[PDB]
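Peer 1: First piece of the complex, coordinates kept as in the full assembly:
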Amino acid sequence: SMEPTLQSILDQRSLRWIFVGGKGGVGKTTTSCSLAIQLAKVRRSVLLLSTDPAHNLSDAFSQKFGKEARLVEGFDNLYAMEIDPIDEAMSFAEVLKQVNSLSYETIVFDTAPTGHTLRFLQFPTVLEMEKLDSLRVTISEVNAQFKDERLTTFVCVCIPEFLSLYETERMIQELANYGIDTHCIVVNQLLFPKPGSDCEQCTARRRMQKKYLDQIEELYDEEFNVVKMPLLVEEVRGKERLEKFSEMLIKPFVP
């Protein structure tokens, strides 16, 4: 079994690209933000890069971000930018190459649901004058980068409902097929009733989620770090609340 924390992401310093994925709503951003805050604590510098056509990076930190990286207020180490990339993904590849030439030690990508993620992958494995070679080559490289387990992983985020877990299975399975490494699941928005507190809803709710949780661990227990974030009463926004939240990523919540 495996420590239910992202300590390993912190420890694996070769990591250059960390992708965060999951169904809509599960808390992809909240996590990306959290994760980068934690990494930024033990790296030379960290870039938080969001591709949502709209961007919730700024909304997350109540600070205007842009296609121009900048320092996240309250950190001197963390930066964030918000951009907009059979060929809606050539442009996407270029960003990476260019961005990979920047001096940020680690990059945490926040991205539009597997739809476009999964579509990018679909790409290398589909393509199969020197401006033909030259492009492809450039994918070749990127692609190797993705499959290089020292350089790239995926973090899966989900909640304990049917559709979310299902998609998490498919995703884990795709990444495998593509040979992209993944070894972390973040199960978010867990309702932990308060102890000695009897609530029908509260109880029954934990009852149903727990039936998912159980399954998640029985299945990924041994080759995934399965973190478990609690559902908070307020949204997780602003430097403060995100930092607190993020601690739970690294050292397990257990009430």
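Peer 2: In hand now; what should we look at? Residues are numbered from 1 along each chain as shown, chains lettered A, B, ... in the order given.

Peer 1: how about stretch A:50-63: buried residues?
Peer 2: Residues of stretch A:50-63 classed as buried: A:50, A:51, A:52, A:55, A:56, A:57, A:60, A:61, A:63 (neighbour count, 16 or more other Cβ atoms under 10 Å). C-beta here means a position set from N, CA and C on the backbone, and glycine is covered the same way.

Peer 1: Run through who's touching it.
Peer 2: A:29-30, A:32-33, A:48, A:64-65, A:72-73, A:80-85, A:109-112, A:116, A:237-239, A:242 (Cβ atoms under 8 Å, 6 or more residues apart in numbering).

Peer 1: cool, stretch A:19-28 as well?
Peer 2: Under Cβ under 8 Å, 6+ apart, the answer for stretch A:19-28 is A:31-32, A:35, A:108-111, A:113-114, A:117, A:152-159, A:163-164, A:167-168, A:171, A:186, A:188-189, A:229, A:236.

Peer 1: and residue A:52, helix, strand or coil?
Peer 2: coil (DSSP: H, G, I helix; E, B strand; the rest coil).

Peer 1: what ranges do the helices span in the stretch 151-255 of chain A?
Peer 2: Under the criterion DSSP state H, counting those that start in this stretch, the stretch 151-255 of chain A contains helices at A:162-178, A:200-220, A:238-250.

Peer 1: that older thread, please flag which of the contacts of stretch A:19-28 sit within strands.
Peer 2: Judged by DSSP state E, the contacts of stretch A:19-28 include A:108-110, A:152-158, A:186, A:188-189, A:229 as members of strands.

Peer 1: Who's the closest spatial neighbour of residue A:232, skipping the chain neighbours?
Peer 2: Once flanking residues are discounted, residue A:232 sits nearest to residue A:245: 7.2 Å by Cβ to Cβ, 6 or more residues apart in numbering.

Peer 1: Now flag whichever of the ones in strands among the contacts of stretch A:19-28 is closest to residue A:14.
Peer 2: Distances from residue A:14 to the ones in strands among the contacts of stretch A:19-28, taken as Cβ to Cβ, are shortest for residue A:152 (9.5 Å).

Peer 1: and the closest one, what is it in contact with?
Peer 2: Residue A:152 neighbours (Cβ under 8 Å, 6+ apart): A:15, A:16, A:17, A:18, A:19, A:145, A:146, A:180, A:181.

Peer 1: Inside strands: which ones of those?
Peer 2: Counting by DSSP E, the contacts of residue A:152 place A:17, A:18, A:19 in strands.

Peer 1: isn't the first one right up against residue A:145?
Peer 2: Just to be clear, that refers to residue A:17. Yes. Using Cβ atoms under 8 Å, residue A:17 is in contact with residue A:145, at 7.2 Å.

Peer 1: which residues are in contact with both of these two?
Peer 2: Common neighbours of residue A:17 and residue A:145 are listed as A:96, A:151, A:152 (criterion: Cβ under 8 Å, 6+ apart).

Peer 1: Could you export the residues you listed as CSV, including distance to residue A:6?
Peer 2: CSV is the format used below for the shared contacts of residue A:17 and residue A:145 (distance: Cβ to Cβ, whole Å):
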residue, distance to residue A:6
A:96, 23
A:151, 17
A:152, 15
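
Peer 1: sequence below should go in as chain B:
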Amino acid sequence: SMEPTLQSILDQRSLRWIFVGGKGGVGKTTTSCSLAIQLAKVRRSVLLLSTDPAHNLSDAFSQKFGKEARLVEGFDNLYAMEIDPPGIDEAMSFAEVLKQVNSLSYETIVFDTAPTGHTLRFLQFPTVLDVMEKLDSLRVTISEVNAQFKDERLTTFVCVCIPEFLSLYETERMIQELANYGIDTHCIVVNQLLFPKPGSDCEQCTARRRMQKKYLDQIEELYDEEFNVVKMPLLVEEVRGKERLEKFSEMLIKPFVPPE
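Peer 2: Chain B now in position relative to the chains above:
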């Protein structure tokens, strides 16, 4: 103020295209489904059309759907399909789907479509926009689509959201977009509302209704008078299968109101 229900949608018999929109996860499918079930009850027939590259329609009903319409098991009136339409042609394709579909005999279509980003881009498209005979035959069918989106007898959007910051904010943006494009919208469905049980004192439960209520209050203060603001409660189990989805949909048309 306006009745907190989707009765008007049922009563608005010219409606041909009903789009269900909102942030990821808010319950767009669960609503689309619910809504269609209700309409199907008071229309000749109703098509439930999902474009999510996701197969969430089948998941919703535990039944295999596809690019070929079929009867939803347990109804004799309701059908569903699941298809896959710069990002030009594709918006171009999206229009072909709309046109193709529109010429079938289904009295009403409820579109389950993706987060704001994905329909929008397309909407943004018209204004901005022996073979050439097709180049043309295209602009033409885009004219017709865009015409129809703009005819309020024919099209409306339903906005789904939950009572958290990002969701409401997007709902605002959408309502505002639809206005700019002159597409009609007059229903908000506020989903996953925690109503604590009466007499039940719970820290979490209480506090949580506290924070949501501060959103709701705002939602009504703002859209109260020109939107039907429905309020679906958060249920303990996922809403799946014909049965559960039916019960849920009832609340779309009769306001849920459990003692405060």
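
Peer 1: Repeat for the contacts of stretch A:50-63, accounting for chain B.
Peer 2: Contact with stretch A:50-63 is made by A:29-30, A:32-33, A:48, A:64-65, A:72-73, A:80-85, A:109-112, A:116, A:237-239, A:242, B:116-117, B:121, B:165-166, B:169-170, B:173, as judged by Cβ atoms under 8 Å, 6 or more residues apart in numbering or on different chains.

Peer 1: Please spell out which residues along stretch A:248-255 are buried.
Peer 2: Under the neighbour-count criterion of 16 or more other Cβ atoms under 10 Å in any protein chain shown, stretch A:248-255 has A:248, A:249, A:250, A:253 buried.

Peer 1: The first one: what's it in contact with?
Peer 2: Applying Cβ under 8 Å, 6+ apart to residue A:248 gives the contacts A:227, A:229, A:230.

Peer 1: What about the closest residue to residue A:167 other than its chain neighbours, how many residues nearby?
Peer 2: If the residues on either side of it in the chain are set aside, residue A:167 comes closest to residue A:23, at 5.0 Å by Cβ to Cβ, 6 or more residues apart in numbering or on different chains. For residue A:23, the neighbour count with other Cβ atoms under 10 Å in any protein chain shown is 24.

Peer 1: rewinding a little: among the contacts of stretch A:50-63, the buried ones, what's the PyMOL command?
Peer 2: Applied in PyMOL, the following selects the buried portion of the contacts of stretch A:50-63 according to 16+ other Cβ under 10 Å:
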select buried, (chain A and resi 29+30+32+33+48+65+72+80+81+82+83+85+109+110+111+112+116+237+239+242) or (chain B and resi 116+121+166+170)
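
Peer 1: Just to be sure, the residue nearest to residue A:167 is in a strand?
Peer 2: No. Read with three-state DSSP, residue A:23 is coil and lies in no strand.

Peer 1: Spatially nearest residue to residue A:210, not counting backbone neighbours?
Peer 2: In space, residue A:210 is closest to residue A:160, 7.9 Å off (Cβ to Cβ, 6+ apart).

Peer 1: residues contacting that neighbour?
Peer 2: A:187, A:189, A:190, A:208, A:209, A:210, A:212, A:213, A:216.

Peer 1: Name the nearest of those residues relative to chain B.
Peer 2: Of all the contacts of residue A:160, residue A:208 has the smallest distance to chain B: 6.2 Å, by Cβ to the nearest Cβ.

Peer 1: show me the contacts for the closest one.
Peer 2: Residues near residue A:208 by Cβ under 8 Å, 6+ apart: A:160, B:236, B:237.

Peer 1: Apply 10 Å and report the result again.
Peer 2: Contacts for residue A:208 were tallied using Cβ atoms under 10 Å, 6 or more residues apart in numbering or on different chains; they are A:160, A:161, A:191, B:236, B:237, B:238.

Peer 1: Touching, the second one and residue A:209? I think so.
Peer 2: So the one you mean is residue A:161. Yes. When contacts are counted by Cβ atoms under 10 Å, residue A:161 is listed as touching residue A:209 (8.1 Å).

Peer 1: residues bridging contact with those two, i.e. touching both?
Peer 2: Jointly contacting residue A:161 and residue A:209 under the rule Cβ under 10 Å, 6+ apart are residue A:189.

Peer 1: what's the span of stretch A:183-201 from first residue to last?
Peer 2: End-to-end distance for stretch A:183-201, by Cα to Cα, to the nearest Å: 33 Å.
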